[PDB]
Amino acid sequence: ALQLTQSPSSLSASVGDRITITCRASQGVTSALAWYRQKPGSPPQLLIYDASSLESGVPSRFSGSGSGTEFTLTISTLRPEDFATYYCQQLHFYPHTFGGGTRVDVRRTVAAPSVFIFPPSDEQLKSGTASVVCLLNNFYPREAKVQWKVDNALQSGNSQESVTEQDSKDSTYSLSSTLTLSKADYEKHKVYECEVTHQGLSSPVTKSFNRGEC
Amino acid sequence: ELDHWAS
Amino acid sequence: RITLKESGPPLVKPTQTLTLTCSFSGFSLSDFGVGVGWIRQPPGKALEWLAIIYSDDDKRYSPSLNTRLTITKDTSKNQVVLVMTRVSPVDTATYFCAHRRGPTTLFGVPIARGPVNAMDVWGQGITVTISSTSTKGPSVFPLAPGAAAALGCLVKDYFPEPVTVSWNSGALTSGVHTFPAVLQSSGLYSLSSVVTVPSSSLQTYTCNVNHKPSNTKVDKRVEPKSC
């Protein structure tokens with residue numbers, strides 16, 4: 001079906017800035033496009049309907065323009081409540097698609113993550129499972145990539161990660177990634193590595209340990 | 001197909 | 001003033017049928033051209049459109065979910081119901097219903113269609129978790145180690161959410177990061193809580209974990225291993 005691509009997917013800014021988010025459709029949607037702002041924990045809120053009409057009760061710093069395949073939302077003077085995720089929605093064709101969203105967060109200086117790797121506890125091992133956790137602490141911007149390697153084999157499909165919300169004092173994020181293996185598989189290898197790529201790191205940093213080394 | 005209010 | 005609110009089960013098991021109700025006030029589904037739609041949002045993901053129904057009773061569904069969705073209205077009760085069959089874990093999401101305006105009319109004559117291009121009022125959303133899991137308390141394991149040191153606790157295999165974690169009975173707050181839990185393929189949640197301290201403080205560190213649902217409290221003191 002019809003594709004709606006938002007740009008940028010993520011954007012940093014400060015109070016008082018002017019930002020503009022754009023949304024492009026794969027086929028023309030005339031003026032049937034709406035913009036929403038969604039704050040964490042709340043439902044999306046309508047800002048602009050029919051590509052450019054200002055929704056009632058919505059502050060005038062919000063503006064929408066465009067028609068056909070290209071639309072833009074601009075917030076002229078960013079206020080603290082605007083740090084949020086914005087979405088565009090097309091209503092010309094069924095299904096009524098939403099774009100991928102664009103996260104707007106507090107800009108601050110680039111900060112590389114402090115990385116730490118934790119081996120599984122002997123207590124967990126006795127239960128038959130092995131969790132290897134990797135921590136990326138206080139970094140910025142949000143995008144980071146974690147790659148698990150076991151005896152140099154690239155791992156896939158056996159890890160999960162979660163990211164904290166932007167810290168209200170730091171403006172940094174932290175990320176936890178868990179590699180999970182059976183105790184048996186765990187025992188069949190030695191070098192457990194967490195490889196981290198991030199804008200603040202000149203090149204990828206790797207933190208690792210050799211299993212059972214004592 | 002088209003939205004309920006299209007055309 | 002238009003308001004909508006979603007209701008239904010917070011927990012549902014795979015293969016089961018999920019029935020969600022949207023009760024609203026401020027408009028009638030008999031008003032001209034009005035619509036009520038459903039949109040969902042898996043945790044951390046984008047909004048996904050599901051279906052919509054209008055007062056003249058036309059219905060439309062997401063093509064990807066068409067076979068599992070039924071939307072219906074009960075005009076006299078001011079409710080719209082969405083029934084999703086055969087749910088699976090990927091259906092865990094927050095589900096929202098929303099109002100869609102019909103064209104503006106002048107002396108009962110449609111004169112403006114621009115107002116239909118948006119879903120203008122939304123309900124708070126209802127969180128639905130799909131898991132075959134039964135209530136279960138977490139196993140708590142230690143996570144042990146600019147020149148900052150890190151340690152923590154891995155709160156593993158519990159259900160359902162939430163769990164609370166604090167450090168040193170609430171006295172340790174700076175440098176603490178408790179991550180949002182991930183729903184494992186097993187249907188149980190898992191989360192880590194860590195804390196960063198000056199590489200010298202290694203002071204004592206104990207995580208206090210509490211999963212109300214299963215009556216499971218655990219305090220786990222964590223230290224820099226090696227006996």
# chains A, B, ... in the order shown; residues from 1 in each chain; ligands from 1
$ closest_atom_pairs --of "chain A" --to "chain C" --cutoff "6 Å" --atoms "only C-alpha atoms" --output "JSON lines"
{"residue": "A:32", "atom": "CA", "partner": "C:117", "partner_atom": "CA", "distance": 5.0}
{"residue": "A:34", "atom": "CA", "partner": "C:118", "partner_atom": "CA", "distance": 5.1}
{"residue": "A:43", "atom": "CA", "partner": "C:124", "partner_atom": "CA", "distance": 5.6}
{"residue": "A:46", "atom": "CA", "partner": "C:120", "partner_atom": "CA", "distance": 5.5}
{"residue": "A:49", "atom": "CA", "partner": "C:118", "partner_atom": "CA", "distance": 5.2}
{"residue": "A:50", "atom": "CA", "partner": "C:117", "partner_atom": "CA", "distance": 4.9}
{"residue": "A:95", "atom": "CA", "partner": "C:62", "partner_atom": "CA", "distance": 5.4}
{"residue": "A:100", "atom": "CA", "partner": "C:46", "partner_atom": "CA", "distance": 5.5}
{"residue": "A:118", "atom": "CA", "partner": "C:143", "partner_atom": "CA", "distance": 5.9}
{"residue": "A:164", "atom": "CA", "partner": "C:179", "partner_atom": "CA", "distance": 5.6}
$ write_last_selection --atoms "N, CA, C and O atoms" --output "short mmCIF file (atom, residue, chain, number, x, y, z; two decimals), in the first residue's frame"
data_model
loop_
_atom_site.label_atom_id
_atom_site.label_comp_id
_atom_site.auth_asym_id
_atom_site.auth_seq_id
_atom_site.Cartn_x
_atom_site.Cartn_y
_atom_site.Cartn_z
N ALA A 32 -5.58 15.64 2.19
CA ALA A 32 -6.08 14.83 3.31
C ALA A 32 -4.94 14.30 4.19
O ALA A 32 -4.60 13.08 4.16
N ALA A 34 -3.04 14.86 8.20
CA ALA A 34 -3.14 15.48 9.50
C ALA A 34 -1.84 15.33 10.28
O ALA A 34 -1.13 14.33 10.06
N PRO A 43 -2.17 10.18 24.66
CA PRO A 43 -2.63 9.86 23.31
C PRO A 43 -2.14 10.94 22.33
O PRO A 43 -1.76 12.05 22.72
N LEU A 46 -4.26 16.16 18.00
CA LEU A 46 -4.40 16.79 16.68
C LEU A 46 -3.85 18.22 16.69
O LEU A 46 -4.24 19.00 17.53
N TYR A 49 -5.17 19.78 10.64
CA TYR A 49 -6.02 18.89 9.83
C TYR A 49 -6.11 19.43 8.41
O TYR A 49 -5.87 20.64 8.13
N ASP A 50 -6.39 18.54 7.46
CA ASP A 50 -6.53 18.97 6.06
C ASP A 50 -5.28 19.72 5.61
O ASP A 50 -5.38 20.73 4.94
N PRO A 95 -5.89 1.78 3.63
CA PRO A 95 -6.05 2.17 5.02
C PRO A 95 -5.44 3.57 5.23
O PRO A 95 -4.49 3.93 4.53
N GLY A 100 6.13 7.13 10.24
CA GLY A 100 6.91 6.43 11.28
C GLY A 100 7.16 7.26 12.49
O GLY A 100 7.66 6.78 13.51
N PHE A 118 28.51 -7.42 31.60
CA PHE A 118 28.31 -8.17 32.79
C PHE A 118 28.12 -9.63 32.45
O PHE A 118 27.25 -9.94 31.66
N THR A 164 16.35 4.10 28.16
CA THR A 164 15.63 4.97 29.08
C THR A 164 15.10 6.21 28.34
O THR A 164 15.45 6.46 27.22
#
$ closest_atom_pairs --of "chain B" --to "chain A" --cutoff "6 Å" --atoms "only C-alpha atoms" --output "tab-separated table"
residue	atom	partner	partner_atom	distance
B:1	CA	A:93	CA	5.7
B:2	CA	A:93	CA	4.6
B:3	CA	A:93	CA	4.9
$ interface_residues --of "chain B" --to "chain C" --cutoff "10 Å" --atoms "only C-alpha atoms" --output "PyMOL selection string"
chain B and resi 3-6
$ write_last_selection --atoms "C-alpha atoms" --output "mmCIF file, in the first residue's frame"
data_model
loop_
_atom_site.group_PDB
_atom_site.id
_atom_site.type_symbol
_atom_site.label_atom_id
_atom_site.label_comp_id
_atom_site.auth_asym_id
_atom_site.auth_seq_id
_atom_site.Cartn_x
_atom_site.Cartn_y
_atom_site.Cartn_z
ATOM 1 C CA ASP B 3 -11.564 7.398 1.528
ATOM 2 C CA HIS B 4 -15.257 7.878 2.370
ATOM 3 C CA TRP B 5 -14.961 11.600 1.506
ATOM 4 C CA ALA B 6 -12.660 11.521 -1.551
#
$ residues_around --residues "residue 180 of chain A" --least-positions-apart "5" --cutoff "7 Å" --atoms "only C-alpha atoms" --output "VMD selection string"
chain A and resid 130 to 132 158 to 159
$ write_last_selection --atoms "N, CA, C and O atoms" --output "short mmCIF file (atom, residue, chain, number, x, y, z; two decimals), in the first residue's frame"
data_model
loop_
_atom_site.label_atom_id
_atom_site.label_comp_id
_atom_site.auth_asym_id
_atom_site.auth_seq_id
_atom_site.Cartn_x
_atom_site.Cartn_y
_atom_site.Cartn_z
N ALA A 130 21.68 -18.42 30.88
CA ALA A 130 22.77 -17.50 30.97
C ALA A 130 22.43 -16.19 30.31
O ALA A 130 22.20 -16.14 29.07
N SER A 131 22.41 -15.12 31.10
CA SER A 131 22.14 -13.78 30.57
C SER A 131 23.39 -12.92 30.56
O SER A 131 24.01 -12.73 31.59
N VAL A 132 23.76 -12.41 29.40
CA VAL A 132 24.91 -11.55 29.37
C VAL A 132 24.34 -10.18 29.10
O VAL A 132 23.60 -10.00 28.14
N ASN A 158 18.96 -13.39 19.43
CA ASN A 158 19.00 -13.86 20.83
C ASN A 158 19.29 -12.77 21.89
O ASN A 158 19.83 -13.09 23.00
N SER A 159 19.01 -11.52 21.53
CA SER A 159 19.23 -10.42 22.45
C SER A 159 18.05 -9.47 22.40
O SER A 159 17.25 -9.47 21.44
#
$ atom_distance --atom1 "atom CA of residue 16 of chain A" --atom2 "atom CA of residue 82 of chain A"
10.5 Å
$ atom_distance --atom1 "atom CA of residue 200 of chain A" --atom2 "atom CA of residue 148 of chain A"
19.6 Å
$ residues_around --residues "segment 166-173 of chain A" --least-positions-apart "6" --cutoff "7 Å" --atoms "only C-alpha atoms" --output "list in words"
residues 106, 108, 138, 139, 140 and 142 of chain A
$ closest_residue --among "A:155, A:1, A:163, A:84" --to "residue 42 of chain A" --atoms "only C-alpha atoms"
A:84
